[PDB]
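Peer 1: 3D model of this:
(4 chains)
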Amino acid sequence: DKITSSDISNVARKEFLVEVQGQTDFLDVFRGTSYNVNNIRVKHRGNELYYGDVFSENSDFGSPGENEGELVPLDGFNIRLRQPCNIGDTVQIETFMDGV
Amino acid sequence: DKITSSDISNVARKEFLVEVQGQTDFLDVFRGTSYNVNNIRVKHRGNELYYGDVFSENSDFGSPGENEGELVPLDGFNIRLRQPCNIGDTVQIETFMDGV
Amino acid sequence: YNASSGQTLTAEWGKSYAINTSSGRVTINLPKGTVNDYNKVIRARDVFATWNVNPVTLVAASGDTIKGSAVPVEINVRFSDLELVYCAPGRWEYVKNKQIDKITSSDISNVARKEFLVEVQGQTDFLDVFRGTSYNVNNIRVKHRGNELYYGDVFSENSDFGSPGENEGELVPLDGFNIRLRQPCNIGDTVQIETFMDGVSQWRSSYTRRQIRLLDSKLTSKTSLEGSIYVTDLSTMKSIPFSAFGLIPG
Amino acid sequence: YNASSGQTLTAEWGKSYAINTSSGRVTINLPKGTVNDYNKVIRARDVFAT
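Peer 2: Numbers count the residues shown, from 1 in each chain, chains lettered A, B, ... in the order given. Sure, the structure comes next:
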């Protein structure tokens, strides 16, 4: 009687209210497990630019904790950002994740 | 004859061009029934700050029809906004509501 | 049937296959001319996915079309399952690449993202939107890196987007494929586009609990309240409907 | 099954039915009383759209 069909991917949101300045990275993404890279989600309330197929200087993304510059590969857990942003300028990060 | 399942049931959204100033609240949110508090989108075309786990002065949201100030709990039916915003700028709400 | 054997199999009416394309592309042709039979379902499937990768090739050769043109329809869909019947209008209907993974949003991958770094200014129109297939007319993302204005149901000078390639202005319908943007934006100012799909996940409850207290008849004299108070004649009505307990829409 | 035979078809469970209503509407009258058996589909489908 019923078409329930296919599958539902999983989006959750966690807003990061920026403080203290600094804050060019955010760790563990959503506390449990990992971020799903393919769809980058981060906002200044300006929604931040692609991480992208090719990590670029154009793409503004730090990617986890790179020593200098910022890391060319993206990692799910930890992310970085090229910007200090500003306190009160909110880094608003989401994922499109496979499992909850 | 191929048959399809869909999204809109599990994802819908509505966006408001602001007029008249005032307009500190928005009633029923989307047409009928309940909004779901846990996931919030208010967009100024910037995506407005979290309502958050805690209704705060940081978190900018009115929440339903609060007589003075703006309400601490969030009813899915009615919402409010601390700001009147301005005419010509557009508030954009997006809901996340689960199917059974 | 194996990818190892041929690049082609054909025509076994009720003999179902679970297909490999790994070794070589399979070009599968189906019985021709089919007389007055119809009613005949054919079953092709993935016992694994070498669909995608090396593609399928499905063929209704001249004869009675699968659908429309009948030009060979090719499955690059990783999992897929095939049922087409010979159907009285000389037609073979197979259903929306159901992979298992049933129904479809195909290469859509449900909710998805693309960004246009805008260059040489201009570039107001943005062609083909997401790479293949269609965009989804349901909902929009487009961006200046600030969120764009709402698109609106009827397309207004207010609601800011072009909709495909209108020679002057914005196109009064919005086609999925091509999309226009009213601003040329700038080199370095990106346009960034999505439609909507996937639904969302609920995290629901994680336990909680309910308990009811009823007293009977006039002894309450009061009606049920939330999951706190209930009232009835206890001997009259067995069981409970529960709105009687506290209800919340998980 | 063809509409031309009966205006109604009846009752035979595990038999798939490719249906033609062109001649007349198919009134498909399925068995009643059925004991406790269940477990049994019937199959009707469109070989084409009548």
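Peer 1: Show me which positions of the helix or strand that residue A:95 is a member of end up buried.
Peer 2: Secondary structure assigned from DSSP states H and E places residue A:95 in strand A:91-97. In terms of neighbour count (16 or more other CB atoms under 10 Å in any protein chain shown), strand A:91-97 has its buried residues at A:91, A:92, A:93, A:94, A:95, A:96, A:97. Just so you know, the C-beta spots here come from the backbone N, C-alpha and C atoms, and that holds for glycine as well.
Peer 1: just stretch A:74-89 next, same as before
Peer 2: Neighbour counts using 16+ other CB under 10 Å place A:74, A:76, A:78, A:79, A:80, A:81, A:82, A:83, A:85 of stretch A:74-89 among the buried residues.
Peer 1: do that stretch and chain C meet?
Peer 2: No. Stretch A:74-89 stays out of contact with chain C when judged by CB under 8 Å from any CB of the partner chain, the minimum separation being 12.8 Å.
Peer 1: From the opening residue of that stretch to its closing one, how far?
Peer 2: Across stretch A:74-89, the straight-line distance between its terminal residues is 23 Å, by CA to CA, to the nearest Å.
Peer 1: can you check stretch A:41-59 too?
Peer 2: In terms of CA to CA, the two terminal residues of stretch A:41-59 are separated by 13 Å.
Peer 1: Test my guess that residue A:93 contacts residue A:26.
Peer 2: Yes. Shown here, residue A:93 and residue A:26 form a contact pair, counting by CB atoms under 8 Å, at 6.5 Å.
Peer 1: between those two, what contacts are shared?
Peer 2: With CB atoms under 8 Å, 6 or more residues apart in numbering or on different chains applied, the overlap between the contact sets of residue A:93 and residue A:26 consists of A:16, A:79.
Peer 1: Considering only chain A, name the residue that lies closest to chain D.
Peer 2: Of chain A, the residue with the smallest distance to chain D, taken as CB to the nearest CB, is residue A:1 at 13.0 Å.
Peer 1: Break down chain A into its strands, ranges please.
Peer 2: With DSSP state E, the ranges of strands along chain A come out as A:10-16, A:25-26, A:42-43, A:79-80, A:91-97.
Peer 1: Each with direction, which strands does the fourth one pair with?
Peer 2: Within its sheet, and counting by DSSP bridges, strand A:79-80 is paired with strand A:25-26 (antiparallel).
Peer 1: next one: the last one
Peer 2: Note on strand A:91-97: by DSSP bridges, its sheet partners are strand A:10-16 (antiparallel), strand A:42-43 (antiparallel).
Peer 1: can I get the ones you listed in TSV with mean neighbour count?
Peer 2: As requested, the strands paired with strand A:91-97 are arranged in TSV below (neighbours: other CB atoms under 10 Å in any protein chain shown):
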stretch	mean neighbour count
strand A:10-16	18
strand A:42-43	19
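Peer 1: So which of those strands is nearest residue B:49?
Peer 2: Distances from residue B:49 to each of the strands paired with strand A:91-97 were compared by CB to CB, and the smallest falls on strand A:10-16, at 7.1 Å.
Peer 1: relative to strand B:90-96, how tilted is that closest one?
Peer 2: For strand A:10-16 against strand B:90-96, the angle between stretch directions is 130 degrees (axes from the mean of the first three to the mean of the last three CA atoms, to 10 degrees).
Peer 1: For strand A:10-16, C-alpha coordinates in CSV please.
Peer 2: Coordinates of each C-alpha in strand A:10-16 appear next as CSV, following Å, rounded to 0.1, in the frame of the first residue of the first chain:
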residue,chain,number,x,y,z
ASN,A,10,21.2,13.8,7.2
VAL,A,11,21.7,17.5,7.7
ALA,A,12,22.3,19.0,11.1
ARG,A,13,23.4,22.5,12.0
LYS,A,14,25.7,23.8,14.7
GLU,A,15,26.2,27.5,14.9
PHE,A,16,29.6,28.8,16.2
